[PDB]
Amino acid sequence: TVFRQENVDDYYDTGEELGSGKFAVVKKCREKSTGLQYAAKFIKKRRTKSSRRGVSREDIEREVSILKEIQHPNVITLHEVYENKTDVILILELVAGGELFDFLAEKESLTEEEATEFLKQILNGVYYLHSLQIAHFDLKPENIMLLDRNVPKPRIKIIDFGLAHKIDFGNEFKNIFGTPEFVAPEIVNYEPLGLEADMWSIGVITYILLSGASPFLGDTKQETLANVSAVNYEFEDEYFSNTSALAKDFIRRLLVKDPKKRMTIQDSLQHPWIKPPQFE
């Protein structure tokens, strides 16, 4: 698919850099015709087929196609897409309250209430995506952003659809590997992947929300990956002595090696606690 080839600067004014990735730089921007603000994600294009720099057009188109499908309070939306010789520029819904990762860096540990407040929103967003057979494949606190970080119960949106795939056969068997701390054992072992990998990542996110500690993190990437494949984690009494056993049960049912035995997004919402890149 071809995108708009007018100069983006003719229609938007850019401001503060919001962040950057392996693939993109994201800048705050304001649309001239409406005064509304967006996050413009500039993704650097591959300059030759065999190149390793930039992102392949196939990968860019996949992120755009998925984003175009989404409309839900807990996920970002796509406003417009532009392109030029060097970049594809996605005009995304702006999430102005920063990453959950930075919010956590301030607070250390949350109460079970504060953790479940975030978690319910995360689960509602993932329920939406999984209902559409979209696996995110890179869920982590850096990919959850807050609309406003200065309210007692911040509202969130899931971002970063750079590894997201449609799972039309229940599993995909391609080159997909996210952040070692958060990937499921099937990613580590290069097995067919499905929606279940996100559910694992949610277990890791929950463990971190409650304790401020990462359950599989080793001193090198290979150690983290080996810990993940072996399901080498435990609830340290120093961090979890005052956490409810029901919270631990929720985590235990997500951090399961066999994807078929892992709780699904529907199971996670009915669970009693809730129910009301890889190389060095």
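One-based numbering along the sequence shown.
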Would 49-57 or 214-222 have the larger average of its C-alpha temperature factors, as given in the entry? 49-57
Please work out which of 171-179 and 200-208 has the higher mean CA B-factor as recorded in the PDB entry. 171-179
Highest Cα B-factor in the deposition, which of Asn242, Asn232, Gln37, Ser65? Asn242
Among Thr77, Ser131, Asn74, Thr116, single out the one with the highest C-alpha B factor in the record, please. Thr116
Sorting the chain's modelled residues by C-alpha B-factor, tell me whether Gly97 ends up in the lowest, middle or highest third. middle
Relative to the other modelled residues of the same chain, rank the CA B-factor of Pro152 and answer lowest, middle or highest third. highest
Give the position of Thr264 by CA B-factor within its chain, expressed as the lowest, middle or highest third. lowest
Ordered by C-alpha B-factor within the chain, which third holds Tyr190? Give me lowest, middle or highest, please. middle
So where's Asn84 on the chain's Cα temperature factor ranking, which third? middle
